[PDB]
file data_18.txt (compact mmCIF, C-alpha atoms and all ligand atoms)
# COMPACT_ATOMS: atom_id res chain seq x y z
CA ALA A 1 41.71 57.06 54.56
CA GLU A 2 39.20 54.65 56.10
CA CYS A 3 40.72 51.40 57.34
CA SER A 4 44.22 52.33 56.24
CA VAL A 5 47.12 54.68 56.86
CA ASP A 6 50.16 55.91 54.95
CA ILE A 7 53.33 56.17 57.04
CA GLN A 8 56.78 57.46 56.14
CA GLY A 9 60.08 56.68 57.87
CA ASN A 10 62.90 59.05 56.91
CA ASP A 11 66.66 59.37 57.22
CA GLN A 12 65.96 61.70 60.16
CA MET A 13 64.82 58.79 62.27
CA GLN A 14 61.25 60.01 62.14
CA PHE A 15 57.91 58.33 61.43
CA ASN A 16 55.49 60.98 60.16
CA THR A 17 53.01 59.84 62.82
CA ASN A 18 53.25 58.65 66.43
CA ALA A 19 49.65 57.48 66.82
CA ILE A 20 47.39 55.27 64.70
CA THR A 21 43.66 54.79 65.25
CA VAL A 22 42.03 51.65 63.93
CA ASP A 23 38.27 52.10 63.65
CA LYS A 24 36.51 49.29 65.51
CA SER A 25 34.35 48.80 62.41
CA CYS A 26 37.32 47.99 60.20
CA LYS A 27 37.39 44.32 59.24
CA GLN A 28 40.89 44.55 57.84
CA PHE A 29 43.55 47.24 58.37
CA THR A 30 46.25 48.29 55.94
CA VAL A 31 49.44 50.15 56.70
CA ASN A 32 51.36 51.69 53.83
CA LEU A 33 55.05 52.15 54.53
CA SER A 34 57.39 54.24 52.37
CA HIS A 35 60.91 55.52 52.95
CA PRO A 36 62.01 58.94 51.69
CA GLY A 37 65.77 59.54 51.99
CA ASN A 38 69.20 58.56 50.62
CA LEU A 39 70.50 55.92 53.00
CA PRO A 40 70.36 52.21 52.22
CA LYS A 41 68.40 49.80 54.43
CA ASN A 42 71.58 48.20 55.84
CA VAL A 43 72.52 51.37 57.75
CA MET A 44 69.11 53.07 57.95
CA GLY A 45 66.55 50.36 57.26
CA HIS A 46 62.96 50.85 58.35
CA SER A 47 60.06 48.50 59.00
CA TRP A 48 56.64 48.70 60.65
CA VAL A 49 56.19 46.05 63.34
CA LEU A 50 52.99 45.68 65.37
CA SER A 51 52.88 44.06 68.81
CA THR A 52 51.55 44.65 72.27
CA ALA A 53 53.52 47.30 74.17
CA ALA A 54 54.24 44.56 76.71
CA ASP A 55 56.15 42.44 74.21
CA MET A 56 57.89 45.19 72.24
CA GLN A 57 61.25 44.92 73.98
CA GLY A 58 61.84 41.23 73.42
CA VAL A 59 60.55 41.52 69.87
CA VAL A 60 63.05 44.31 69.37
CA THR A 61 65.83 42.57 71.26
CA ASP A 62 65.15 39.34 69.37
CA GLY A 63 65.01 41.17 66.05
CA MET A 64 68.41 42.80 66.30
CA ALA A 65 70.03 39.42 66.93
CA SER A 66 68.29 38.23 63.78
CA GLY A 67 70.49 40.08 61.28
CA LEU A 68 69.78 41.86 57.99
CA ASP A 69 69.17 38.35 56.67
CA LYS A 70 65.84 38.21 58.51
CA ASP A 71 64.94 41.87 58.33
CA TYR A 72 65.87 42.21 62.01
CA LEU A 73 62.71 40.28 62.92
CA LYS A 74 62.61 36.87 64.58
CA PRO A 75 61.11 34.53 61.98
CA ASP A 76 57.52 33.55 62.79
CA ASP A 77 57.51 35.67 65.95
CA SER A 78 54.20 34.82 67.60
CA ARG A 79 54.45 38.13 69.46
CA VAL A 80 54.21 40.11 66.20
CA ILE A 81 50.57 40.63 65.20
CA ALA A 82 51.63 42.23 61.91
CA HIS A 83 54.74 43.59 60.23
CA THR A 84 56.07 45.07 57.01
CA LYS A 85 59.33 43.93 55.47
CA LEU A 86 62.44 46.02 56.13
CA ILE A 87 62.98 48.62 53.43
CA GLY A 88 65.58 51.25 52.51
CA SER A 89 65.18 54.69 50.90
CA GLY A 90 63.15 54.77 47.67
CA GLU A 91 61.44 51.58 48.77
CA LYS A 92 57.90 50.85 49.88
CA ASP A 93 55.87 48.12 51.53
CA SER A 94 52.38 47.52 52.82
CA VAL A 95 50.88 44.99 55.20
CA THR A 96 47.24 44.16 55.84
CA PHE A 97 45.88 42.59 59.00
CA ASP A 98 42.69 41.38 60.68
CA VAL A 99 41.21 43.90 63.14
CA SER A 100 39.91 40.82 64.97
CA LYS A 101 43.49 40.30 66.08
CA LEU A 102 43.19 43.49 68.13
CA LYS A 103 41.62 43.37 71.60
CA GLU A 104 39.97 46.52 72.95
CA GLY A 105 41.79 48.13 75.86
CA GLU A 106 45.02 46.23 75.35
CA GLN A 107 47.74 48.61 74.21
CA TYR A 108 49.81 48.11 71.08
CA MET A 109 52.96 49.73 69.79
CA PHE A 110 54.35 50.00 66.26
CA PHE A 111 58.11 50.22 65.70
CA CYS A 112 61.11 49.59 63.47
CA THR A 113 63.31 46.63 64.54
CA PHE A 114 66.55 47.77 62.87
CA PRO A 115 69.25 47.89 65.58
CA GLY A 116 68.57 50.81 67.91
CA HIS A 117 65.66 52.27 65.97
CA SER A 118 62.55 51.46 68.03
CA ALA A 119 63.14 54.11 70.69
CA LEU A 120 62.64 56.86 68.11
CA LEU A 121 60.68 55.11 65.38
CA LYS A 122 57.60 54.06 67.30
CA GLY A 123 54.07 55.06 68.12
CA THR A 124 50.69 53.96 69.38
CA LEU A 125 48.04 51.82 67.71
CA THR A 126 44.56 51.72 69.22
CA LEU A 127 41.18 50.15 68.54
CA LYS A 128 38.36 52.72 68.41
CU CU B 1 64.49 51.83 61.18
call {"tool": "encode", "arguments": {"input": "data_18.txt", "output": "C-alpha cells", "more": "lines below"}}
Ligand SMILES: [Cu+2]
result
Amino acid sequence: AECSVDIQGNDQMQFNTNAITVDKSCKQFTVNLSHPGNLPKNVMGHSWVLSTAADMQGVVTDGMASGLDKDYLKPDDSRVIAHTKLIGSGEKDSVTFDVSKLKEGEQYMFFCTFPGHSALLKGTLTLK
C-alpha cells in the first residue's frame, strides 16, 4: 500500500504494527483503522491518534479527562496532527492527512487515547 496503511487494534490490547513509514513523496497519508474483537468501545475502545512524541503524554492525559463523550480526545487539540474517531469491535474508521504536516527528523507517535491504553497501543510514525 503506497501512501496508506491498514491497522488493527484488538481485544488483546495489540496494534498489528508498532512502526509506520510515511514515504516523503506522499502528498496525503491515509490510515485505515479496524477493530476485531467482542468488546464494546466503552470498555475496550480504540482510536489512532497522531502527535509528536513530545506531546503524547498531555494529549493522552487530556484525552482521558475528556470522557467517552469526546472519544477521549480533547476537542480541537492543536497538539494532534491527525486522529481517527474512537471505535469498538466490528467498527472501522479511516483518517487522511497532509504529509506536509510532518517535519523530517522530528519524531511522532501514534496511540489510542482510551484510559490507560497508550502504553500498549502505540508505535512510531516516520517521514522517509
Ligand atoms: Cu484503545
call {"tool": "residues_near_ligand", "arguments": {"input": "data_18.txt", "ligand": "ligand CU 1 (chain B)", "cutoff": "7 Å", "atoms": "all atoms listed in the file", "output": "PyMOL selection string"}}
result
chain A and resi 44-47+112-114+117+121
call {"tool": "closest_residue", "arguments": {"input": "data_18.txt", "among": "A:66, A:14, A:42, A:100", "to": "residue A:118", "atoms": "all atoms listed in the file"}}
result
A:14
call {"tool": "atom_distance", "arguments": {"input": "data_18.txt", "atom1": "atom CA of residue A:60", "atom2": "atom CA of residue A:105"}}
result
22.6 Å
call {"tool": "residues_around", "arguments": {"input": "data_18.txt", "residues": "stretch 81-96 of chain A", "least_positions_apart": "3", "cutoff": "9 Å", "atoms": "only C-alpha atoms", "output": "ChimeraX atom specification"}}
result
/A:4,6,9-11,28-52,68,70-73,77-78,101-102,110,112-114
call {"tool": "atom_distance", "arguments": {"input": "data_18.txt", "atom1": "atom CA of residue A:55", "atom2": "atom CA of residue A:111"}}
result
11.7 Å
call {"tool": "atom_distance", "arguments": {"input": "data_18.txt", "atom1": "atom CA of residue A:27", "atom2": "atom CA of residue A:15"}}
result
24.9 Å
call {"tool": "residues_around", "arguments": {"input": "data_18.txt", "residues": "residue A:18", "least_positions_apart": "5", "cutoff": "8 Å", "atoms": "all atoms listed in the file", "output": "list in words"}}
result
residues 122, 123 and 124 of chain A
call {"tool": "closest_residue", "arguments": {"input": "data_18.txt", "among": "A:8, A:120, A:97, A:74", "to": "residue A:22", "atoms": "all atoms listed in the file"}}
result
A:97
call {"tool": "axis_aligned_box", "arguments": {"input": "data_18.txt", "around": "stretch 52-60 of chain A", "padding_each_side": "5 Å", "output": "AutoDock Vina command-line options"}}
result
--center_x 57.3 --center_y 44.3 --center_z 73.0 --size_x 21.5 --size_y 16.1 --size_z 17.3
call {"tool": "closest_residue", "arguments": {"input": "data_18.txt", "among": "A:76, A:16, A:99, A:119", "to": "residue A:56", "atoms": "all atoms listed in the file"}}
result
A:119
call {"tool": "residues_around", "arguments": {"input": "data_18.txt", "residues": "residue A:128", "least_positions_apart": "3", "cutoff": "12 Å", "atoms": "all atoms listed in the file", "output": "PDB file with C-alpha atoms, in the frame of the given file"}}
result
ATOM      1  CA  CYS A   3      40.720  51.400  57.340  1.00  0.00           C
ATOM      2  CA  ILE A  20      47.390  55.270  64.700  1.00  0.00           C
ATOM      3  CA  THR A  21      43.660  54.790  65.250  1.00  0.00           C
ATOM      4  CA  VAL A  22      42.030  51.650  63.930  1.00  0.00           C
ATOM      5  CA  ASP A  23      38.270  52.100  63.650  1.00  0.00           C
ATOM      6  CA  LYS A  24      36.510  49.290  65.510  1.00  0.00           C
ATOM      7  CA  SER A  25      34.350  48.800  62.410  1.00  0.00           C
ATOM      8  CA  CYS A  26      37.320  47.990  60.200  1.00  0.00           C
ATOM      9  CA  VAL A  99      41.210  43.900  63.140  1.00  0.00           C
ATOM     10  CA  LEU A 102      43.190  43.490  68.130  1.00  0.00           C
ATOM     11  CA  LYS A 103      41.620  43.370  71.600  1.00  0.00           C
ATOM     12  CA  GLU A 104      39.970  46.520  72.950  1.00  0.00           C
ATOM     13  CA  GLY A 105      41.790  48.130  75.860  1.00  0.00           C
ATOM     14  CA  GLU A 106      45.020  46.230  75.350  1.00  0.00           C
ATOM     15  CA  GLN A 107      47.740  48.610  74.210  1.00  0.00           C
ATOM     16  CA  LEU A 125      48.040  51.820  67.710  1.00  0.00           C
TER      17      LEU A 125
END
call {"tool": "build_atoms", "arguments": {"input": "data_18.txt", "residues": "stretch 48-63 of chain A", "atoms": "N, CA, C and O atoms", "output": "PDB file, in the frame of the given file"}}
result
ATOM      1  N   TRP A  48      57.771  48.459  59.761  1.00  0.00           N
ATOM      2  CA  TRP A  48      56.640  48.700  60.650  1.00  0.00           C
ATOM      3  C   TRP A  48      56.244  47.405  61.338  1.00  0.00           C
ATOM      4  O   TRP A  48      55.657  46.517  60.721  1.00  0.00           O
ATOM      5  N   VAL A  49      56.548  47.270  62.624  1.00  0.00           N
ATOM      6  CA  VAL A  49      56.190  46.050  63.340  1.00  0.00           C
ATOM      7  C   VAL A  49      55.158  46.304  64.429  1.00  0.00           C
ATOM      8  O   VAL A  49      55.308  47.223  65.238  1.00  0.00           O
ATOM      9  N   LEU A  50      54.095  45.502  64.438  1.00  0.00           N
ATOM     10  CA  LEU A  50      52.990  45.680  65.370  1.00  0.00           C
ATOM     11  C   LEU A  50      52.988  44.588  66.426  1.00  0.00           C
ATOM     12  O   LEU A  50      52.982  43.414  66.063  1.00  0.00           O
ATOM     13  N   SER A  51      52.991  44.988  67.690  1.00  0.00           N
ATOM     14  CA  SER A  51      52.880  44.060  68.810  1.00  0.00           C
ATOM     15  C   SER A  51      52.204  44.736  69.988  1.00  0.00           C
ATOM     16  O   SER A  51      51.895  45.932  69.962  1.00  0.00           O
ATOM     17  N   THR A  52      51.963  43.960  71.050  1.00  0.00           N
ATOM     18  CA  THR A  52      51.550  44.650  72.270  1.00  0.00           C
ATOM     19  C   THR A  52      52.763  45.413  72.799  1.00  0.00           C
ATOM     20  O   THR A  52      53.888  44.972  72.568  1.00  0.00           O
ATOM     21  N   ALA A  53      52.504  46.512  73.484  1.00  0.00           N
ATOM     22  CA  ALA A  53      53.520  47.300  74.170  1.00  0.00           C
ATOM     23  C   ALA A  53      54.345  46.436  75.128  1.00  0.00           C
ATOM     24  O   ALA A  53      55.556  46.591  75.233  1.00  0.00           O
ATOM     25  N   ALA A  54      53.657  45.519  75.803  1.00  0.00           N
ATOM     26  CA  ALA A  54      54.240  44.560  76.710  1.00  0.00           C
ATOM     27  C   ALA A  54      55.358  43.742  76.075  1.00  0.00           C
ATOM     28  O   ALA A  54      56.357  43.422  76.718  1.00  0.00           O
ATOM     29  N   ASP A  55      55.202  43.381  74.804  1.00  0.00           N
ATOM     30  CA  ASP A  55      56.150  42.440  74.210  1.00  0.00           C
ATOM     31  C   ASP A  55      57.160  43.131  73.302  1.00  0.00           C
ATOM     32  O   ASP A  55      58.027  42.465  72.729  1.00  0.00           O
ATOM     33  N   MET A  56      57.057  44.446  73.174  1.00  0.00           N
ATOM     34  CA  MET A  56      57.890  45.190  72.240  1.00  0.00           C
ATOM     35  C   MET A  56      59.373  44.897  72.420  1.00  0.00           C
ATOM     36  O   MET A  56      60.083  44.592  71.466  1.00  0.00           O
ATOM     37  N   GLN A  57      59.835  45.009  73.657  1.00  0.00           N
ATOM     38  CA  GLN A  57      61.250  44.920  73.980  1.00  0.00           C
ATOM     39  C   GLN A  57      61.909  43.641  73.486  1.00  0.00           C
ATOM     40  O   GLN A  57      62.970  43.657  72.859  1.00  0.00           O
ATOM     41  N   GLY A  58      61.267  42.517  73.783  1.00  0.00           N
ATOM     42  CA  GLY A  58      61.840  41.230  73.420  1.00  0.00           C
ATOM     43  C   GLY A  58      61.729  41.018  71.926  1.00  0.00           C
ATOM     44  O   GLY A  58      62.607  40.392  71.339  1.00  0.00           O
ATOM     45  N   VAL A  59      60.665  41.545  71.324  1.00  0.00           N
ATOM     46  CA  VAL A  59      60.550  41.520  69.870  1.00  0.00           C
ATOM     47  C   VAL A  59      61.708  42.287  69.232  1.00  0.00           C
ATOM     48  O   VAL A  59      62.334  41.831  68.281  1.00  0.00           O
ATOM     49  N   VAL A  60      61.958  43.462  69.801  1.00  0.00           N
ATOM     50  CA  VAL A  60      63.050  44.310  69.370  1.00  0.00           C
ATOM     51  C   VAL A  60      64.384  43.619  69.606  1.00  0.00           C
ATOM     52  O   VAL A  60      65.183  43.401  68.697  1.00  0.00           O
ATOM     53  N   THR A  61      64.617  43.276  70.874  1.00  0.00           N
ATOM     54  CA  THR A  61      65.830  42.570  71.260  1.00  0.00           C
ATOM     55  C   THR A  61      66.061  41.316  70.438  1.00  0.00           C
ATOM     56  O   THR A  61      67.186  41.025  70.035  1.00  0.00           O
ATOM     57  N   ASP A  62      64.996  40.553  70.177  1.00  0.00           N
ATOM     58  CA  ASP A  62      65.150  39.340  69.370  1.00  0.00           C
ATOM     59  C   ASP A  62      65.463  39.706  67.927  1.00  0.00           C
ATOM     60  O   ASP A  62      66.283  39.054  67.276  1.00  0.00           O
ATOM     61  N   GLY A  63      64.807  40.749  67.428  1.00  0.00           N
ATOM     62  CA  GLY A  63      65.010  41.170  66.050  1.00  0.00           C
ATOM     63  C   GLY A  63      66.461  41.520  65.766  1.00  0.00           C
ATOM     64  O   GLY A  63      67.079  41.064  64.803  1.00  0.00           O
TER      65      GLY A  63
END
